[PDB]
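# What the coordinates show
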Amino acid sequence: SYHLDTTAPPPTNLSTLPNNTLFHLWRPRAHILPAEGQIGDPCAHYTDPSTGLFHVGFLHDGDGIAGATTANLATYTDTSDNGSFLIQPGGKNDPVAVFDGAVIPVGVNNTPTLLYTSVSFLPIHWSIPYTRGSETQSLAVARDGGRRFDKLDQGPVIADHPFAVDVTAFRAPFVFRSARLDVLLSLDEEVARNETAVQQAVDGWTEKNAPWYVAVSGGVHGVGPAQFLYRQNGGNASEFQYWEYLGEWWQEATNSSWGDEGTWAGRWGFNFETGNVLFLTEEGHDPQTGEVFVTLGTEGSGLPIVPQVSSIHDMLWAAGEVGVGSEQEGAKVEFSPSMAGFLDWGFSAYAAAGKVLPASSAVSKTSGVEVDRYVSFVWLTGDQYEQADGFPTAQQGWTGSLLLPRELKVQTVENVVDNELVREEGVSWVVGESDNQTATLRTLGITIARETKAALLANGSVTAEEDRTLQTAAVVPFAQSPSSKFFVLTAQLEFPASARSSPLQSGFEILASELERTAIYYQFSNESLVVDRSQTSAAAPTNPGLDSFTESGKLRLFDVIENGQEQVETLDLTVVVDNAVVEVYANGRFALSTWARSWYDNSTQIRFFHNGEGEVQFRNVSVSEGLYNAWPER
């Protein structure tokens, strides 16, 4: 009889094993996921005014939204046992299912109010006809410290999609406040034109009494993906029953894409999902002075399209400006992208749900953060969006996880040589300023939420590696590698100008032993960070459910002036390995996450890697082992 032994070869068929046999094999310890079962889109996050506690939400087992709380954004506590659900389907407005939603901290009865998508019909997909009434938006109010959300005893507050518009989807409402939208909507049309009058109005705007806006995601059949915008009727902050439709504030033609060749920001695809609206500054979040950014998932597909199958799930972001709906009878305000990119380049990374985290929160007061931030939680589906080829789900006893909480802000890159690398059209950055010689770039900054990063390292064992240079091809083991699959790898790679045109590939191999290895390296040929998973798991060859295709993301290392000398920008890597959950971060503006399901206990070696093409200098390489327990009470 077989009893799990990960020092021995994996059985040929993992799906024949007893239930829960693989429960701990690839399970993380410092990530957000339910006690068991599967996790879907994260959503419904909010800072509770009264307690200052940050509440996290997420779809769980396709049967509603579950939650947890945190007082430090380092450890979490389930709202309750038996799934820890907050709201489930079975009501009059959501007889079939409960989809994504967002929370207004001070709403009905002056308590946390959830505005969510109540579902009454299935199936629902952009590639098939939409059934009228499938998705509506309903209200629920928090009870017992947010440990539960009671549905208001009435029908949906937005009971239908825009009149006569053939939507592909109409879900995932996201609430937010905005000085600029308030200004644009109040000012006379021809006045709301000149930026001068507008900005003056914004300066005196006050958040506390401003109305709530709602962005619902979807698209329109035969036209393309879009975001539907609404706001408390008449701009009345006390109006929660009626939401006036402001139009399709952002739409893109079917499967079009940012830039001419769909290079830096995938494609807009056929439908927009889980849209988030943010207002960022170079320090964090501010709805008065922050620039408009939007994160969203886009559903894509090759041709011929296979109905009810989205082959591509891109986790994108866009930054831009908002203006009045011009000279038309269309949207009252429109979002115009100026730059776009990926929040996470991972194939399985998607449906990010974030929220403002007030400096007044219990979390920020404890860590001493004096500014408001925007923390975003990205989803990492556990089974390729339910398209996996027989993953041993019953054996694992759980599916999926959220990625580490991430701080989003405006990140600047200074001292960049103003050349073609900077001027390419359709990129993920804008030129903040330049004298035709050097410039300052502006892009989306992505970092692990500081408290979480602090916790990941607090009690870790630190082991540094000697700076090293590699010219000839080589795979060099570290002096000492971790003995577990829980660690944080840090390193800086410096490349010579000559490496740009070379077939150079430089990085590290991790989770390695004789029969397994995972490679992570930078590649100039297509300026990408790559995670080669072709040899990650000894169990993959006979278990197709364990995807092993290559993951990768574009990362351009600009020419910069550092010490009076021009050099290729330094690749600053941070790789967090929480068992099978791998997250590759780079230069505070890049994230690529995936599943590295290695089998053997011994596959913990780490090695320097260089393909002999070009040259590379490794510096400040170090490993922190151990991470921490994100769920102390479980």
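Quick summary incoming for the structure in this document. (Residues numbered from 1 in each chain as written, not as in the entry; some residues may be left out. Heavy atoms only, no water.)

### Some details on helix α6 (residues 450–458)
An α-helix turns once every 3.6 residues. As a result, residues three or four positions apart point the same way. Using the following cut-off: Summary of the burial criterion: residues with accessible area below 20% of their type's maximum are buried, those above 50% are exposed, and those between are partly exposed, where the area comes from a 1.4 Å probe applied to protein chains only. Helix and strand assignments come from DSSP, with helices taken as H or I runs of at least 4 residues and strands as E runs of at least 2, each series counted from the N terminus. This arc corresponds to the set of directions leading from the helix axis out to the C-beta atoms.
Inspection of α6 places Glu451, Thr452, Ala455 and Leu456 among the buried residues, and these make up the whole buried set. Projected down its long axis, α6 carries its buried residues within an arc of 140°, all on one side.

### Observations concerning the packing of helix α1 (residues 179–186) against helix α2 (residues 195–203)
Put simply, the rule is: Here an axis means a line fitted to C-alpha atoms, over the contact stretch when the element is a helix, while the angle between two N-to-C directions is reported on a 0 to 180 degree scale. Put simply, angles under 35 degrees are roughly parallel, angles over 145 are roughly antiparallel, angles from 65 to 115 are roughly perpendicular, and the rest are oblique. The crossing is said to be left-handed when, going from far helix to near helix, the turn is anticlockwise and less than a right angle, and right-handed when the turn is clockwise. The contact criterion used is simple: two residues touch if any of their non-hydrogen atoms lie within 4.5 Å. Note on residue classes: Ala, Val, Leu, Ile, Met, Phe, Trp, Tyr, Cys and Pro are nonpolar, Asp, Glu, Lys and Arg are charged, and everything else, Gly too, is polar.
Running from N to C, α1 and α2 point in directions that differ by 125°, and their axes come no closer than 9 Å. It follows from the interaxial angle that α1 and α2 lie oblique. The crossing of α1 and α2 is right-handed. Within the contact between the two elements, α1 uses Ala179, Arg180, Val183 and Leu184 and α2 uses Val198, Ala201 and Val202. Class assignment for the residues of the contact of α1 with α2 results in 6 nonpolar, no polar and 1 charged.

### Let's talk about empty space enclosed by the protein
Operational definition: Space inside and on the surface of the protein is sampled on a 1 Å grid over the protein atoms alone, with a cavity defined as a set of points where a 1.4 Å probe fits but cannot get out and a pocket as an open set with protein on both sides within 12 Å along at least 5 of 7 lines; lining residues have an atom within 4 Å of a point. Grid points are joined across faces, edges and corners, and a volume is the space filled by probe spheres set on the points. Start and end positions for the domains come from either an automated domain assignment or a database one.
The final tally for this structure, using the stated rule, is 6 cavities of 30 Å³ or more. Here the largest cavity defines a volume of roughly 190 Å³. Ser428, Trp429, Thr443, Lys554 and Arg589 are the residues nearest the centre of the largest cavity, which is lined by 17 residues in total. At the level of elements, β18 (333–344) and β25 (438–448) are the ones that each hand at least two residues to the lining of the largest cavity. Residues that form the lining of the largest cavity fall into these classes: 11 nonpolar, 3 polar and 3 charged. Counting residues domain by domain, the lining of the largest cavity receives three or more from each of domain 1 (36–457) and domain 2 (458–626). Roughly 120 Å³ of internal volume is contained in the second largest cavity. Mapped by element, the contributors of at least two residues to the lining of the second largest cavity are β7 (97–104), β11 (167–176), β15 (271–280) and β19 (349–357). Top contributing element to the lining of the second largest cavity by residue count: β19, with 4 residues. The class makeup of the residues in the lining of the second largest cavity is 9 nonpolar, 6 polar and 2 charged.

### Overview of the layout of surface pockets
Estimates place the volume of the largest pocket at around 1,100 Å³. Every residue lining the largest pocket is counted, 41 residues in all, and those nearest its centre are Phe99, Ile124, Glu273, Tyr385 and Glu386. For the lining of the largest pocket, the elements supplying multiple residues, two or more each, are β1 (37–42), β7, β11, β15 and β19. A class-by-class count of the residues in the lining of the largest pocket yields 17 nonpolar, 15 polar and 9 charged. Volume-wise, the second largest pocket comes out at about 890 Å³. In terms of lining residues, the second largest pocket is bounded by 33 residues, among which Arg177, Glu207, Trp212, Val356 and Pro358 are the most central. Those elements that place two or more of their residues in the lining of the second largest pocket are β2 (46–47), β11, β15 and β19.

### Considerations on a negative patch on the surface
The test is simple: Each patch is built from residues lacking any salt bridge and having more than 30% relative accessible area; the joining distance is 9 Å for like charges and 5 Å for nonpolar side chains (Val, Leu, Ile, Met, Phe, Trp, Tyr). Surface exposure here means Shrake-Rupley accessible area, sampled with a 1.4 Å probe, where a residue is shielded only by the protein chains that are shown. Any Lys or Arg side-chain nitrogen located within 4 Å of an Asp or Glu carboxyl oxygen qualifies as a salt bridge. The sign given to each residue is positive for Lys and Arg and negative for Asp and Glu; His and the chain ends receive no count. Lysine's charge is taken at NZ, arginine's at CZ, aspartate's at CG and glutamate's at CD.
There is a patch of like negative charges on the surface, built from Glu282, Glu283, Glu414, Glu433 and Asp435. You can see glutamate 282 is positioned in the loop between β15 and β16 (291–300). What makes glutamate 282 partly exposed here is its relative accessible area of 43%.

### Considering the sheet that holds strand β10 (residues 148–151)
To keep it simple, the criterion reads: Criterion used throughout: strands pair if DSSP finds at least two bridges between them.
Reading across from one edge, β7-β8-β9-β10 is the order of the 4 strands in this open sheet, with antiparallel pairing throughout. A single partner strand is all that each edge strand has here, and the edge strands are β7 and β10. Taken over all neighbouring pairs, the strand axes of this sheet differ in orientation by 35° on average, direction set aside. Looking at chain direction, strand β8 (residues 113–119) and strand β9 (residues 135–143) are connected through 7 bridges and run antiparallel. Counted as the bridge partner of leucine 115 is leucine 139 from β9.

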